[PDB]
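Asks: Here it is: the structure, laid out below.
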Amino acid sequence: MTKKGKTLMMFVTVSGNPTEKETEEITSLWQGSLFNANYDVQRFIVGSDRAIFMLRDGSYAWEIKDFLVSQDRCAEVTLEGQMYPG
């Protein structure tokens, strides 16, 4: 049907075939940066190199996607069925 609310899921992949711990360290600093920019996001680790970012307000998904892909350890960002880069 038609979605309720503004929440939005963002699926992120970490580069370099990292261990789960390294992925936790890498993504924790990303979450910190987002928070420091007033963004409200929850983080879920779902694999040695996979992370879920749950946005409270999905209307800011583009800004967050841009920030993430600009990181050296970000391989891909999946947003509404679309992978970035490119």
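By convention in this document, the chains of the structure tokens carry letters A, B, ... by their order, each chain's residues are numbered from 1, and ligands are numbered from 1 in the order they are shown.
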Could you name the residues that touch residue 41 of chain A at 8 Å or less, counting only C-alpha atoms, but leaving out those on the same chain fewer than 4 positions away, as a PyMOL selection string?
Replies: chain A and resi 31+34-35+53-56
Asks: Store the residues picked out above in a file with C-alpha atoms, as an mmCIF file, in the first residue's frame.
Replies:
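And here is the file that came out, result_28.cif:
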data_model
loop_
_atom_site.group_PDB
_atom_site.id
_atom_site.type_symbol
_atom_site.label_atom_id
_atom_site.label_comp_id
_atom_site.auth_asym_id
_atom_site.auth_seq_id
_atom_site.Cartn_x
_atom_site.Cartn_y
_atom_site.Cartn_z
ATOM 1 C CA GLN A 31 27.206 7.922 12.643
ATOM 2 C CA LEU A 34 25.856 12.564 10.967
ATOM 3 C CA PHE A 35 24.752 13.217 14.552
ATOM 4 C CA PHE A 53 21.153 3.253 8.604
ATOM 5 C CA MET A 54 17.576 3.987 9.678
ATOM 6 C CA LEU A 55 16.717 7.632 9.025
ATOM 7 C CA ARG A 56 14.036 9.308 11.132
#
Asks: When DSSP is applied to the backbone of this structure, which of chain A are assigned alpha helix (DSSP H)? Write them out as a PDB file with C-alpha atoms, in the first residue's frame.
Replies:
ATOM      1  CA  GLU A  20      32.953  -7.051  11.725  1.00  0.00           C
ATOM      2  CA  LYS A  21      34.855  -5.102  14.389  1.00  0.00           C
ATOM      3  CA  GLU A  22      36.542  -2.847  11.836  1.00  0.00           C
ATOM      4  CA  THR A  23      33.138  -2.226  10.259  1.00  0.00           C
ATOM      5  CA  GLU A  24      31.792  -1.245  13.686  1.00  0.00           C
ATOM      6  CA  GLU A  25      34.667   1.184  14.176  1.00  0.00           C
ATOM      7  CA  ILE A  26      34.415   2.658  10.681  1.00  0.00           C
ATOM      8  CA  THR A  27      30.636   3.108  10.724  1.00  0.00           C
ATOM      9  CA  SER A  28      30.582   4.442  14.292  1.00  0.00           C
ATOM     10  CA  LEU A  29      32.548   7.497  13.193  1.00  0.00           C
ATOM     11  CA  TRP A  30      30.171   7.979  10.267  1.00  0.00           C
ATOM     12  CA  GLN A  31      27.206   7.922  12.643  1.00  0.00           C
ATOM     13  CA  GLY A  32      29.010  10.422  14.855  1.00  0.00           C
ATOM     14  CA  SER A  33      29.521  12.809  11.947  1.00  0.00           C
ATOM     15  CA  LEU A  34      25.856  12.564  10.967  1.00  0.00           C
ATOM     16  CA  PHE A  35      24.752  13.217  14.552  1.00  0.00           C
ATOM     17  CA  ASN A  36      27.103  16.197  14.793  1.00  0.00           C
ATOM     18  CA  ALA A  61      18.460  10.870   2.408  1.00  0.00           C
ATOM     19  CA  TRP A  62      20.347  12.666  -0.363  1.00  0.00           C
ATOM     20  CA  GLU A  63      22.618  14.626   1.979  1.00  0.00           C
ATOM     21  CA  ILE A  64      23.463  11.488   3.955  1.00  0.00           C
ATOM     22  CA  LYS A  65      24.068   9.485   0.776  1.00  0.00           C
ATOM     23  CA  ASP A  66      26.434  12.174  -0.497  1.00  0.00           C
ATOM     24  CA  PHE A  67      28.357  12.209   2.780  1.00  0.00           C
ATOM     25  CA  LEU A  68      28.687   8.426   2.879  1.00  0.00           C
ATOM     26  CA  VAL A  69      29.905   7.909  -0.698  1.00  0.00           C
TER      27      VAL A  69
END
Asks: Rank nothing, just name the residue among A:84, A:7, A:15, A:79 nearest to residue 58 of chain A, using only C-alpha atoms.
Replies: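 Ranked by minimum distance to residue 58 of chain A, first place goes to A:7.
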Asks: Mind listing the strand (DSSP E or B) residues of segment 4-80 of chain A, per DSSP on the backbone, as a list in words?
Replies: residues 8, 9, 10, 11, 12, 13, 14, 41, 42, 43, 44, 45, 50, 51, 52, 53, 54, 55, 74, 75, 76, 77, 78 and 79 of chain A
Asks: Any idea what's packed within 10 Å of residue 16 of chain A, counting only C-alpha atoms, ignoring anything in its chain fewer than 2 positions away? Could you give it as a ChimeraX atom specification?
Replies: /A:13-14,18-19,49,72-75
Asks: Hey, can you check how far atom CA of residue 85 of chain A sits from atom CA of residue 5 of chain A?
Replies: 27.0 Å
Asks: Within 10 Å of residue 46 of chain A, counting only C-alpha atoms, which residues show up once you throw out same-chain ones fewer than 5 positions away? Write them as a list in words, please.
Replies: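 Using only C-alpha atoms, the neighbours found are residues 11, 12, 20, 51 and 52 of chain A.
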Asks: Quick check, in Å to one decimal: how far apart do atom CA of residue 6 of chain A and atom CA of residue 86 of chain A lie?
Replies: 24.8 Å
Asks: Go through A:60, A:71, A:3, A:81 and flag the residue nearest residue 37 of chain A, using only C-alpha atoms for the distances.
Replies: A:60
